[PDB]
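Heads up, the thing below is written out as structure tokens.
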Amino acid sequence: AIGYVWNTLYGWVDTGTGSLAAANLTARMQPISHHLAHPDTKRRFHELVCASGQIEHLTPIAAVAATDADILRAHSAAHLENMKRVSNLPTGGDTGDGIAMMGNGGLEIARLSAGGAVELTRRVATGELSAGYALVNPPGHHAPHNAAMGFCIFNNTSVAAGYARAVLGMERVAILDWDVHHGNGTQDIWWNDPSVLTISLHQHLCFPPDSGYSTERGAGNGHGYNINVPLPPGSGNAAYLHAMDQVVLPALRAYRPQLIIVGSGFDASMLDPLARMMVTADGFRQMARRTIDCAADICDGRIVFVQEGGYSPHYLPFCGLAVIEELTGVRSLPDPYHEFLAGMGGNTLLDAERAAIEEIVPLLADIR
Amino acid sequence: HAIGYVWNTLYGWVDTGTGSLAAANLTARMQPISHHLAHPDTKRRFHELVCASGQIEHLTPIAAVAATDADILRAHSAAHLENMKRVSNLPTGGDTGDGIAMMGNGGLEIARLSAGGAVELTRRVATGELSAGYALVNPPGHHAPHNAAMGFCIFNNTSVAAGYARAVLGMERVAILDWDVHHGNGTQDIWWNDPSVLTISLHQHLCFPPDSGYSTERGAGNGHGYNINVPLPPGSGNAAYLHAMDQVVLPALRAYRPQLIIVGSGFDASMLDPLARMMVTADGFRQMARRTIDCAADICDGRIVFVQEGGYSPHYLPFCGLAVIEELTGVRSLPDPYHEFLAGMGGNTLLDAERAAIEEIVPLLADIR
Amino acid sequence: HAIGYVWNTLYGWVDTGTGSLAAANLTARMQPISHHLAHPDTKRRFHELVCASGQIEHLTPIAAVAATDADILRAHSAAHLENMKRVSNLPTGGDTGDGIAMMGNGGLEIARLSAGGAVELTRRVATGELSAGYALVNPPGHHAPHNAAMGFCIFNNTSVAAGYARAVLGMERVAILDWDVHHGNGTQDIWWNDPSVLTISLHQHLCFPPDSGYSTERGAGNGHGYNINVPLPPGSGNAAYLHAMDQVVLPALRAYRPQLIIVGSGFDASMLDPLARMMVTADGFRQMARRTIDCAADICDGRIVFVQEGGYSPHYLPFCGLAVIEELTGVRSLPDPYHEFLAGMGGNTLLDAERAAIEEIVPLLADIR
Amino acid sequence: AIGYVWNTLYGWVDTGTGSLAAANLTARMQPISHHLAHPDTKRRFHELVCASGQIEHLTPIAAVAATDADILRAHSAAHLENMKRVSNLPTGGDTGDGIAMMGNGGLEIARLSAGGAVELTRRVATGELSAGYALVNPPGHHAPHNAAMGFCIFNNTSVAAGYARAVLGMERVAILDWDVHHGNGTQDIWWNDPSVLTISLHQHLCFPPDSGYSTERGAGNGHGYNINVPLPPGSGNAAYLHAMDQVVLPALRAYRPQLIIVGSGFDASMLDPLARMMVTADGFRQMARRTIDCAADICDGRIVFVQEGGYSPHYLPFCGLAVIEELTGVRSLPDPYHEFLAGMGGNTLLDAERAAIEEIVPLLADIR
Ligand SMILES: O=C(CCCCCCC(O)(O)C(F)(F)F)Nc1ccccc1
Ligand SMILES: O=C(CCCCCCC(O)(O)C(F)(F)F)Nc1ccccc1
Ligand SMILES: O=C(CCCCCCC(O)(O)C(F)(F)F)Nc1ccccc1
Ligand SMILES: O=C(CCCCCCC(O)(O)C(F)(F)F)Nc1ccccc1
Ligand SMILES: [K+]
Ligand SMILES: [K+]
Ligand SMILES: [K+]
Ligand SMILES: [K+]
Ligand SMILES: [K+]
Ligand SMILES: [K+]
Ligand SMILES: [K+]
Ligand SMILES: [K+]
Ligand SMILES: [Zn+2]
Ligand SMILES: [Zn+2]
Ligand SMILES: [Zn+2]
Ligand SMILES: [Zn+2]
């Protein structure tokens with residue numbers, strides 16, 4: 001039984017009238033209808049899940065708002081209180097860093113996003129469901145313990161892992177983040193903690209600018225339980241699948257988590273504006289198949305996918321649908337971009353890609 | 001014969017936000033939307049049609065020049081100007097006063113260019129360099145009274161232009177004719193006590209503002225008799241508007257003998273506008289413009305300046321505006337492609353209630369000395 | 001008490017092209033635009049508000065089932081059905097007949113789901129599984145006559161539903177009440193000779209179609225007297241619409257004693273609609289729905305099915321639709337955030353011309369046997 | 001004196017309701033407001049030229065519709081007649097290959113696009129202007145002699161080169177195409193002809209799928225007078241500037257054209273969805289500066305830029321503005337994305353990038 005979370009308000013996140021930062025007349029950044037992170041991209045994924053007929057093979061799960069207690073398992077009280085404050089401003093406002101704003105009442109949506117991840121986690125962990133996909137928005141993985149960053153208000157996968165640890169009593173949880181940007185927030189939250197293995201595959205130095213190096217390995221008892229796999233621009237299906245086979249799956253098998261949470265972004269796709277990677281829907285399909293099969297082998301199938309980034313309203317729906325189909329086992333729609341993208345490359349493992357991945361292999365032995 | 005035309009790229013860059021009218025609001029469940037009712041694309045589509053139709057070849061482009069503080073202070077209070085500076089300097093922009101309409105960051109630059117476009121065109125018509133013109137400005141003006149912003153308006157563009165004509169050009173009498181479908185309350189307020197600017201507003205009765213635009217609002221002191229409101233009922237169309245022109249507006253202008261006529265030219269009385277219930281077609285606006293231009297020829301050596309006010313149909317407004325431009329250039333080269341569709345809907349018969357609304361104003365003409 | 005609700009994702013995927021009303025056309029200088037007047041976002045925003053408001057929790061979701069050829073042929077000719085198959089099979093889609101409205105490629109799938117959503121809801125209300133419901137379908141129906149598509153409509157959804165109630169459920173009398181602001185010419189045509197479906201249309205006089213909807217259009221043969229048009233003047237608001245309900249519509253339904261009432265529920269009579277000139281507010285639609293639901297309770301065991309027709313304000317339509325949903329669920333949990341803004345504009349006084357238009361229809365009630 | 005062409009109708013090109021191909025319900029490709037190639041991207045470039053104040057330093061040049069005779073210098077009569085036919089269809093239609101459609105009356109815009117390139121070429125070549133930028137749409141470089149392809153109806157730069165050859169009597173013209181996709185159309189048109197040197201820098205096998213190899217060198221008298229520089233995905237400023245210095249500028253100096261036409265796309269930008277390259281506005285600035293200075297040295301400054309592709313409505317305006325500023329010499333606006341993008345990389349010449357460029361150096365000796 002496969003759970004699926006969508007909430008209407010995920011599609012109502014107010015991203016403003018700028019492109020990335022706000023529109024700014026002095027800088028001559030003209031207003032635009034769709035910010036890069038506009039919610040339509042993820043809503044189109046949801047609408048494809050429905051229109052394709054996948055929804056008939058899924059068990060819809062209503063999001064339940066994350067409580068203050070839920071949020072405080074991942075974040076500081078000061079951060080939570082600041083998000084309450086900003087959300088109460090009549091226009092919304094600056095969430096801290098001056099780039100990403102939050103719209104008025106936006107905390108309601110941020111709680112439903114974290115809460116959708118928690119609710120799905122609860123149902124999968126207790127055995128009500130075998131697995132699922134939480135198509136949440138706003139995203140999570142850049143928000144560290146004490147701040148919002150990178151379009152993220154709360155770290156949804158960390159709120160879910162915190163819940164699995166504290167409420168469900170799991171001793172080991174893994175978060176695998178294949179969003180193309182470094183999961184700095186998740187890395188920060190669990191830095192000193194070996195009970196949550198944090199893995200991030202990402203384009204090297206894409207975002208944030210100063211993080212995601214292979215030398216960032218945790219601290220204290222957590223040393224060895226953070227794994228970064230920075231990959232070069234232009235990496236495609238061959239690099240990603242080699243990273244899965246050489247690093248990710250062996251790390252999960254070594255760690256023996258009781259639950260795998262996937263921070264599932266699709267911004268590594270061939271058509272994404274916010275990175276330079278070459279993954280196709282078939283690549284994401286294979287990544288999901290491998291991870292689901294790994295869960296079947298090591299943690300009784302307990303795997304929860306939670307939406308992170310992705311910025312192609314054209315193509316992201318088909319990348320997401322491929323993952324859904326691997327969960328349901330019903331493979332009923334082709335990728336209509338397949339012919340167009342398959343000739344572009346990414347399907348050969350380049351020497352620089354291989355080398356980037358091999359850098360991480362000696363770190364596997366420190367996962368006890 | 002030389003017809004001025006003002007468009008500035010930044011008129012198309014006004015940031016109207018992500019709400020419909022007020023801001024988006026999650027608790028109220030007002031979902032964000034790409035195009036606010038007042039989004040600048042409507043007016044930009046008008047500009048683009050002026051160009052694509054070939055009308056631009058018959059126009060003399062006139063660059064907007066930013067309105068100075070001194071220009072603005074002829075229509076507005078120092079406190080209002082300072083408040084607009086303050087709001088424009090806020091990092092996200094903010095509330096211009098009424099709680100509904102926001103102004104984006106640095107937006108004062110565009111407000112100055114909008115008012116300044118009206119001033120520049122007025123200057124160049126009044127000297128005789130140009131015979132007439134159209135200033136396709138944004139943001140609009142006619143709701144902003146002396147001491148505030150209101151109704152999407154930051155500065156009262158036509159009043160800044162009239163103030164310039166009075167103080168800098170020394171004209172003794174100026175008329176502002178406002179056929180935007182909403183009451184020109186701002187213009188009325190600014191010149192309330194002043195007989196040297198005749199203010200006329202045709203509008204849908206109580207459309208916006210809610211408490212405003214009655215025929216009993218006639219000015220005060222020396223200005224008593226030099227404000228004329230013509231409130232019309234919902235559903236009024238070409239017949240009503242042309243009867244109002246013939247019975248009230250043109251006689252008022254002839255009685256007053258302005259040295260310059262400024263037209264607050266909105267197209268929100270159109271048959272397809274969401275923000276009013278009127279039935280005017282492009283041919284109606286054409287006839288309104290022709291009548292007014294011919295009146296200017298008769299009484300003030302042709303000195304007429306059109307200044308864009310409202311209008312909210314991105315589909316149809318361009319053709320209403322193009323009709324007015326064609327009356328200025330005398331080059332009538334494109335049909336209204338909506339003509340057949342709209343002509344059958346009505347508005348072309350003068351209804352008794354429409355006639356009566358207009359006749360209410362006729363006895364006030366005698367007080368225009 | 002169980003209230004059915006139909007939404008299908010594909011209702012939001014109807015491809016309305018890149019024109020405003022007709023296609024974009026370069027020679028005519030009709031610039032392309034992102035949102036056609038009839039773009040599906042308007043109705044999708046209604047659905048999203050039903051969900052976000054929490055109304056969805058009080059509704060029983062009912063899946064659309066594609067209308068079969070047999071379902072469609074109860075309302076339409078075989079030639080019409082075959083033509084829609086043909087057009088839907090063209091690689092880009094194409095002209096559905098009138099030259100204005102296009103249908104996108106594969107669009108027949110959505111037309112079948114739209115009609116089928118109405119049928120499914122009708123079936124489940126008529127059995128007593130549900131007490132009532134709202135089918136938020138798209139594309140709309142009421143302009144499509146027996147032999148053609150027209151006015152954005154491919155199949156006449158409410159007539160497909162009525163045909164099902166008559167032929168499959170064996171109901172002897174069905175009523176279709178159409179308060180979309182445009183004349184239900186299609187529905188009128190289909191049931192013209194047939195007294196077993198009472199067809200009532202309230203509409204702005206001659207809004208669309210242009211030659212249609214007069215009070216003299218009363219049916220023919222055995223159907224004479226079982227079509228009722230109530231043309232209303234531009235500018236009519238809540239007072240007119242509620243007077244029409246009380247003087248004409250409700251008495252007609254009580255005289256006829258239908259076994260099921262189907263409401264063609266458009267919201268294009270709203271105060272903010274671009275495609276008509278009426279002044280109805282969400283509170284007006286609320287009162288219209290309440291009256292009709294209470295009438296159904298009195299005369300046909302509550303069997304009432306609402307089926308979405310038109311409406312073109314993405315800003316305001318959601319709140320008009322939500323008011324109707326709240327009358328069905330009895331859960332009144334969200335204000336209309338436009339109430340203050342619109343309440344001052346008028347429409348709340350019954351004008352003499354509005355009263356007279358309605359009184360024209362009262363003598364026709366006696367012919368409903 | 002710097003010429004600048006914009007025509008309102010360049011912004012009115014009807015790209016439909018699909019993403020790339022048409023919307024298609026059976027494939028579950030949901031309609032969308034903005035096709036990848038929607039004209040707003042280029043219109044935003046024009047509006048920035050105006051709002052930045054660059055327009056005050058430019059001489060606006062009205063487009064003049066390309067005549068049949070103009071078009072026939074680059075294309076077959078059958079192609080021209082087919083475009084007339086498709087343009088006359090009530091909805092427009094299929095321009096030949098089934099992917100890119102042309103809207104009704106669209107031939108008018110295609111003539112104004114080619115004609116804008118011709119008119120600017122005429123004024124620069126005759127000495128009325130020193131240089132200029134024709135911000136045209138639809139684009140040109142994929143249209144070969146006998147067909148439309150890749151959003152291109154007519155090959156604008158080839159129509160302009162044909163005019164320079166036949167009407168102005170220039171013996172040698174060069175077309176340098178730095179659009180990220182291979183200029184297959186331009187390559188095809190001048191394949192057998194040494195009097196037009198055709199150079200294309202591009203992402204290897206991005207589009208079209210089967211072309212742009214270094215082995216495509218022309219034929220007959222034209223052998224040696226087509227130069228392809230395929231570059232790997234992820235190439236940025238360092239690779240592009242190395243290609244300019246090692247291949248492009250030496251090729252131009254060897255050839256001694258009497259006019260340089262630049263097919264100026266910005267789809268190699270860091271934020272483009274339709275390629276995987278890493279060029280920033282400063283990169284395009286340096287490319288333009290180098291090419292303009294080369295023209296000053298070898299052909300009395302006669303250089304004409306003609307817009308090709310580019311698909312970031314956010315960033316393309318700033319890339320285009322950088323080129324305009326190099327033409328006017330007035331450098332009055334910062335790139336507001338500079339900090340955000342500068343940390344992402346592309347500024348180091350990688351071994352695979354260097355090698356790709358060095359593959360072309362031995363071909364320079366065959367340019368006589
Ligand atoms: O703002 C940014 C880039 C933001 C990119 C966010 C990606 C978010 C995400 O997809 O991973 C996800 F979280 F949505 F998943 N950088 C700056 C800003 C200022 C100065 C330097 C760099
Ligand atoms: O906000 C509005 C409606 C605003 C309509 C502005 C029309 C502007 C204009 O076209 O005339 C022009 F100025 F642009 F020209 N009403 C309220 C708000 C609160 C309470 C009651 C009514
Ligand atoms: O095309 C139109 C107007 C179309 C308006 C359709 C309204 C559709 C609807 O809301 O009722 C509903 F069906 F969607 F519900 N008129 C012409 C065209 C040619 C000649 C004269 C008039
Ligand atoms: O349609 C495409 C990709 C089109 C990309 C066009 C780029 C155009 C351009 O920017 O260079 C410029 F010309 F605009 F400049 N490929 C297919 C389609 C079907 C099957 C395989 C591949
Ligand atoms: K850890
Ligand atoms: K990651
Ligand atoms: K006055
Ligand atoms: K007015
Ligand atoms: K009947
Ligand atoms: K009706
Ligand atoms: K050649
Ligand atoms: K190229
Ligand atoms: Zn990301
Ligand atoms: Zn107005
Ligand atoms: Zn309607
Ligand atoms: Zn390109």
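Chain labels A, B, ... are given in the sequence in which chains occur in the structure tokens; within each chain residues are numbered consecutively from 1, and ligands are likewise numbered from 1 in the order shown.
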Would you write out, as a tab-separated table, a table of all residues in chain D that have an atom no more than 10 Å from an atom of ligand 11, listing for each the closest atom pair and the distance in Å to one decimal, considering only C-alpha atoms and all ligand atoms and ordering rows by chain and rising residue number?
```
residue	atom	partner	partner_atom_place_in_ligand_line	distance
D:173	CA	ligand 11	1 (K)	9.5
D:174	CA	ligand 11	1 (K)	8.6
D:175	CA	ligand 11	1 (K)	9.1
D:186	CA	ligand 11	1 (K)	8.3
D:187	CA	ligand 11	1 (K)	6.6
D:188	CA	ligand 11	1 (K)	8.3
D:189	CA	ligand 11	1 (K)	7.8
D:190	CA	ligand 11	1 (K)	4.2
D:191	CA	ligand 11	1 (K)	4.8
D:192	CA	ligand 11	1 (K)	6.1
D:193	CA	ligand 11	1 (K)	4.7
D:194	CA	ligand 11	1 (K)	5.0
D:195	CA	ligand 11	1 (K)	6.7
D:196	CA	ligand 11	1 (K)	4.8
D:197	CA	ligand 11	1 (K)	4.6
D:198	CA	ligand 11	1 (K)	5.2
D:199	CA	ligand 11	1 (K)	8.6
D:217	CA	ligand 11	1 (K)	8.2
D:218	CA	ligand 11	1 (K)	6.2
D:219	CA	ligand 11	1 (K)	8.5
D:221	CA	ligand 11	1 (K)	8.9
D:222	CA	ligand 11	1 (K)	5.4
D:223	CA	ligand 11	1 (K)	7.6
D:224	CA	ligand 11	1 (K)	7.7
D:225	CA	ligand 11	1 (K)	4.5
D:226	CA	ligand 11	1 (K)	4.9
D:227	CA	ligand 11	1 (K)	8.5
```
Next on the checklist: Using only C-alpha atoms and all ligand atoms, which residues have at least one atom no more than 7 Å from ligand 16? Output them as a VMD selection string.
Outcome noted: chain D and resid 179 to 181 265 267 308 to 310
Checklist entry - Hey, what's within 7 Å of range 64-71 of chain A if we count only C-alpha atoms and toss same-chain stuff fewer than 5 positions away? As a list in words, please? => result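 Neighbouring residues, sequence-local ones excluded: residues 111, 112, 114, 115, 116, 119, 159 and 163 of chain A.
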Can you write out the residues you just picked, keeping N, CA and C atoms, as a PDB file, in the first residue's frame?
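Writing the result to selection_25.pdb gives the following:
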```
ATOM      1  N   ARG A 111       3.973  24.449   8.005  1.00  0.00           N
ATOM      2  CA  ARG A 111       3.583  23.358   8.922  1.00  0.00           C
ATOM      3  C   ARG A 111       2.955  22.175   8.202  1.00  0.00           C
ATOM      4  N   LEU A 112       2.140  22.448   7.167  1.00  0.00           N
ATOM      5  CA  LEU A 112       1.538  21.371   6.424  1.00  0.00           C
ATOM      6  C   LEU A 112       2.555  20.592   5.602  1.00  0.00           C
ATOM      7  N   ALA A 114       5.914  20.173   6.467  1.00  0.00           N
ATOM      8  CA  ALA A 114       6.638  19.314   7.420  1.00  0.00           C
ATOM      9  C   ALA A 114       5.727  18.211   7.948  1.00  0.00           C
ATOM     10  N   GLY A 115       4.472  18.582   8.227  1.00  0.00           N
ATOM     11  CA  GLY A 115       3.476  17.651   8.716  1.00  0.00           C
ATOM     12  C   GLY A 115       3.067  16.575   7.744  1.00  0.00           C
ATOM     13  N   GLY A 116       3.136  16.863   6.440  1.00  0.00           N
ATOM     14  CA  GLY A 116       2.892  15.844   5.435  1.00  0.00           C
ATOM     15  C   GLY A 116       3.978  14.792   5.449  1.00  0.00           C
ATOM     16  N   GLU A 119       3.383  12.721   8.745  1.00  0.00           N
ATOM     17  CA  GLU A 119       2.238  11.833   8.660  1.00  0.00           C
ATOM     18  C   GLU A 119       2.500  10.633   7.788  1.00  0.00           C
ATOM     19  N   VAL A 159      12.474  16.975  10.286  1.00  0.00           N
ATOM     20  CA  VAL A 159      11.329  16.902  11.186  1.00  0.00           C
ATOM     21  C   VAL A 159      10.795  15.481  11.196  1.00  0.00           C
ATOM     22  N   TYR A 163      10.899  12.786  14.372  1.00  0.00           N
ATOM     23  CA  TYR A 163       9.695  12.104  14.810  1.00  0.00           C
ATOM     24  C   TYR A 163       9.929  10.590  14.891  1.00  0.00           C
TER      25      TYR A 163
END
```
Next on the checklist: What are the residues of chain B lining chain A at 7 Å or less? Count only C-alpha atoms, and put the answer as a list in words.
Outcome noted: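 In the required form, that comes to residues 13, 15, 17, 18, 25, 26, 27, 31, 32, 34, 105 and 106 of chain B.
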For chain D against ligand 1, with a cut-off of 10 Å and counting only C-alpha atoms and all ligand atoms, what is the closest atom pair and its distance in Å to one decimal for every residue that makes the cut, ordered by chain and number, as a Markdown table?
```
| residue | atom | partner | partner_atom_place_in_ligand_line | distance |
| --- | --- | --- | --- | --- |
| D:336 | CA | ligand 1 | 19 (C) | 9.6 |
| D:337 | CA | ligand 1 | 20 (C) | 7.9 |
| D:338 | CA | ligand 1 | 21 (C) | 8.4 |
| D:339 | CA | ligand 1 | 21 (C) | 5.3 |
| D:340 | CA | ligand 1 | 22 (C) | 3.7 |
| D:341 | CA | ligand 1 | 22 (C) | 7.0 |
| D:342 | CA | ligand 1 | 21 (C) | 8.6 |
| D:343 | CA | ligand 1 | 21 (C) | 7.8 |
| D:344 | CA | ligand 1 | 22 (C) | 9.2 |
```
Item to check | Residues within 9 Å of ligand 9, counting only C-alpha atoms and all ligand atoms, as number ranges by chain | outcome: C: 175, 187-200, 218-220, 222-228
Checklist entry - Which residue gives the smallest distance to chain D among A:45, A:284, A:266, A:154, with only C-alpha atoms counted? => result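 Closest to chain D of all the choices is A:45.
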Next on the checklist: Using DSSP secondary structure from the backbone, list all alpha helix (DSSP H) positions within range 3-199 of chain D, as a PyMOL selection string.
Outcome noted: chain D and resi 40-51+68-72+77-88+107-125+156-166+184-189
Those same residues, written as a PDB file, in the first residue's frame with C-alpha atoms?
```pdb
ATOM      1  CA  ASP D  40       8.853  37.225 -23.555  1.00  0.00           C
ATOM      2  CA  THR D  41      12.490  36.168 -23.018  1.00  0.00           C
ATOM      3  CA  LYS D  42      13.721  38.347 -25.891  1.00  0.00           C
ATOM      4  CA  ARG D  43      11.211  41.111 -25.169  1.00  0.00           C
ATOM      5  CA  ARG D  44      12.630  41.365 -21.625  1.00  0.00           C
ATOM      6  CA  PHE D  45      16.084  41.856 -23.200  1.00  0.00           C
ATOM      7  CA  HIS D  46      14.649  44.723 -25.312  1.00  0.00           C
ATOM      8  CA  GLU D  47      12.921  46.273 -22.306  1.00  0.00           C
ATOM      9  CA  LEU D  48      16.159  46.146 -20.320  1.00  0.00           C
ATOM     10  CA  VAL D  49      18.030  47.854 -23.213  1.00  0.00           C
ATOM     11  CA  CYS D  50      15.490  50.667 -22.849  1.00  0.00           C
ATOM     12  CA  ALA D  51      15.148  50.786 -19.055  1.00  0.00           C
ATOM     13  CA  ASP D  68      11.345  36.989 -51.676  1.00  0.00           C
ATOM     14  CA  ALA D  69      14.646  37.837 -53.446  1.00  0.00           C
ATOM     15  CA  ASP D  70      16.369  38.340 -50.074  1.00  0.00           C
ATOM     16  CA  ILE D  71      15.093  34.992 -48.774  1.00  0.00           C
ATOM     17  CA  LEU D  72      16.042  33.115 -51.941  1.00  0.00           C
ATOM     18  CA  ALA D  77      11.809  28.536 -53.580  1.00  0.00           C
ATOM     19  CA  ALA D  78       9.942  25.474 -52.337  1.00  0.00           C
ATOM     20  CA  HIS D  79      10.718  26.379 -48.737  1.00  0.00           C
ATOM     21  CA  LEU D  80       9.561  29.980 -49.210  1.00  0.00           C
ATOM     22  CA  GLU D  81       6.345  28.817 -50.872  1.00  0.00           C
ATOM     23  CA  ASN D  82       5.659  26.313 -48.081  1.00  0.00           C
ATOM     24  CA  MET D  83       6.089  29.060 -45.468  1.00  0.00           C
ATOM     25  CA  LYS D  84       3.585  31.201 -47.397  1.00  0.00           C
ATOM     26  CA  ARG D  85       1.162  28.284 -47.347  1.00  0.00           C
ATOM     27  CA  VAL D  86       1.490  27.499 -43.637  1.00  0.00           C
ATOM     28  CA  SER D  87       1.225  31.157 -42.694  1.00  0.00           C
ATOM     29  CA  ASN D  88      -2.087  31.400 -44.660  1.00  0.00           C
ATOM     30  CA  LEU D 107       5.457  34.774 -42.212  1.00  0.00           C
ATOM     31  CA  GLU D 108       5.113  38.509 -41.631  1.00  0.00           C
ATOM     32  CA  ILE D 109       7.237  38.205 -38.495  1.00  0.00           C
ATOM     33  CA  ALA D 110       9.734  35.815 -40.142  1.00  0.00           C
ATOM     34  CA  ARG D 111      10.291  38.384 -42.919  1.00  0.00           C
ATOM     35  CA  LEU D 112      10.772  41.169 -40.391  1.00  0.00           C
ATOM     36  CA  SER D 113      13.271  39.049 -38.490  1.00  0.00           C
ATOM     37  CA  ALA D 114      15.400  38.264 -41.567  1.00  0.00           C
ATOM     38  CA  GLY D 115      14.852  41.819 -42.795  1.00  0.00           C
ATOM     39  CA  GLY D 116      16.068  43.304 -39.525  1.00  0.00           C
ATOM     40  CA  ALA D 117      19.334  41.423 -39.977  1.00  0.00           C
ATOM     41  CA  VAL D 118      19.598  42.604 -43.598  1.00  0.00           C
ATOM     42  CA  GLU D 119      18.837  46.237 -42.789  1.00  0.00           C
ATOM     43  CA  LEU D 120      21.381  46.405 -40.043  1.00  0.00           C
ATOM     44  CA  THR D 121      23.946  44.660 -42.267  1.00  0.00           C
ATOM     45  CA  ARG D 122      23.288  47.200 -45.026  1.00  0.00           C
ATOM     46  CA  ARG D 123      23.827  50.174 -42.731  1.00  0.00           C
ATOM     47  CA  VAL D 124      26.981  48.793 -41.124  1.00  0.00           C
ATOM     48  CA  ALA D 125      28.498  47.639 -44.430  1.00  0.00           C
ATOM     49  CA  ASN D 156      18.512  35.269 -40.682  1.00  0.00           C
ATOM     50  CA  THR D 157      22.304  35.470 -40.590  1.00  0.00           C
ATOM     51  CA  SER D 158      22.532  33.616 -43.931  1.00  0.00           C
ATOM     52  CA  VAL D 159      19.993  35.940 -45.504  1.00  0.00           C
ATOM     53  CA  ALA D 160      22.164  38.827 -44.290  1.00  0.00           C
ATOM     54  CA  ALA D 161      25.393  37.189 -45.539  1.00  0.00           C
ATOM     55  CA  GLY D 162      23.729  36.454 -48.906  1.00  0.00           C
ATOM     56  CA  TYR D 163      22.811  40.135 -49.151  1.00  0.00           C
ATOM     57  CA  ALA D 164      26.359  41.262 -48.281  1.00  0.00           C
ATOM     58  CA  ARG D 165      27.753  38.935 -50.964  1.00  0.00           C
ATOM     59  CA  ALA D 166      25.280  39.626 -53.809  1.00  0.00           C
ATOM     60  CA  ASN D 184      23.350  23.148 -38.737  1.00  0.00           C
ATOM     61  CA  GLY D 185      21.262  25.349 -41.014  1.00  0.00           C
ATOM     62  CA  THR D 186      24.037  27.841 -41.648  1.00  0.00           C
ATOM     63  CA  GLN D 187      26.517  24.989 -42.111  1.00  0.00           C
ATOM     64  CA  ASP D 188      24.167  23.416 -44.746  1.00  0.00           C
ATOM     65  CA  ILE D 189      23.548  26.643 -46.674  1.00  0.00           C
TER      66      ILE D 189
END
```
Item to check | Surrounding residues of residue 67 in chain B excluding itself and chain neighbours under 5 positions, 7 Å, only C-alpha atoms, as a list in words | outcome: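 Final neighbour list, sorted by chain and number: residues 72, 112, 113, 115 and 116 of chain B.
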Next on the checklist: Based on only C-alpha atoms, which of the residues in chain A come within 6 Å of chain D? I want them as a ChimeraX atom specification.
Outcome noted: /A:19,205-206,209,233-234,271-273,276,314,343-344
